[PDB]
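For reference, the chain that follows is the form deposited in one PDB entry, supplied as structure tokens.
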């Protein structure tokens, strides 16, 4: 036997969206469940992007954890079960003595499923609205498979060049999209678009996205979960 737990989230469809949003690039993940909260850590199969989803105890209406354990489930089966959650439904994540996860969706009825279980020296920081960065990624995807990110003093540039076409998205603090731009020195880096597209899919104006990067080094993309939780991506630069 492993440690039992009962964890309740209000808004089953919103929770499915976090798990969907955090696991578009991955096939497997580890869930560290402690008294403080849940941590989901994963890497995509090409080991280019590290995912870290932190869900503290405070975002749950009920959080009964009297120990510590690391748990793995089939992520395809999990996403399919969570996709069954409706907008204002209650989500219950229960575990007993056995190696099984019990997932309840409370609404017009209670539907219970059972699943078997198993510091970078950054040069630039940018706080951007989620709709602007999702637009920019999509625009770059039309011309290339790589996207360049440039941070100058009070200016953030996104560019992509292909065999025939080019794209450029420039931003200053004057633009509605740029909330903050802290730059030590001129910073330029290029990243894969397949990875960026899955990180930015489903972002909007309500999303304050922090992007940290350096010269020829990884990008840290971060956005908050109800001002307590956090979804972080650490993305390797392109060769």
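Residue numbers count along the first chain shown, from 1.
Asks: Unmodelled residues of the deposited sequence between residue 118 and residue 119: none, 1 to 3, 4 to 9, or 10 or more?
Replies: 10 or more residues are missing.
Asks: Going by the average Cα B-factor in the PDB entry, point out whether 64-72 or 189-197 comes out higher.
Replies: Result of the comparison: 64-72.
Asks: Averaging the C-alpha B factors as listed in the entry, name the stretch that ends up higher: 108-116 or 78-86.
Replies: Between 108-116 and 78-86, it is 108-116.
Asks: From the list 173, 59, 26, 48, select the residue with the highest C-alpha B factor recorded in the entry.
Replies: Largest recorded C-alpha B-factor: 173.
Asks: Per the entry, which of 20, 14, 222, 227 tops the list for Cα B factor?
Replies: If I rank 20, 14, 222, 227 by C-alpha B-factor, first place goes to 227.
Asks: Which third, lowest, middle or highest, does the CA B-factor of residue 92 fall in along this chain?
Replies: According to the entry, residue 92 has a C-alpha B-factor in the chain's lowest third.
Asks: Rank-wise, by C-alpha B-factor, drop residue 205 into the lowest, middle or highest third of its chain.
Replies: Top third by C-alpha B-factor.
Asks: Quick one: classify residue 43 as lowest, middle or highest third of the chain based on its Cα B-factor.
Replies: It falls in the middle third of the chain.
Asks: By the record's CA B-factor, is residue 140 among the lowest, middle or highest third of residues in the chain?
Replies: Lowest third - that is where residue 140 ends up once the chain's C-alpha B-factors are sorted.
Asks: Please rank the C-alpha B-factors of the chain's modelled residues and tell me whether residue 124 sits in the lowest, middle or highest third.
Replies: Highest third.
Not on display, but discussed next: the form solved in complex with a partner chain.
Asks: Heavy atoms within 4.5 Å of the partner chain in the deposited complex: which stretch among 196-204, 44-52, 59-67, 22-30?
Replies: Selected stretch: 44-52.
Asks: Residue 216 near the partner chain in the deposited complex, any heavy atom under 4.5 Å?
Replies: Judged by the heavy-atom cut-off of 4.5 Å, residue 216 is in contact with the partner chain in the deposited complex.
Asks: I'd like to check something about residue 8: if you look in the deposited complex, is any of its heavy atoms closer than or equal to 4.5 Å to a heavy atom of the partner chain?
Replies: Although the partner chain is absent here, residue 8 would stay clear of it in the deposited complex, with no heavy atoms inside 4.5 Å.
Asks: Quick one: is residue 236 in contact with the partner chain in the deposited complex, heavy atoms, 4.5 Å cut-off?
Replies: Result yes; residue 236 sits at the interface with the partner chain in the deposited complex.
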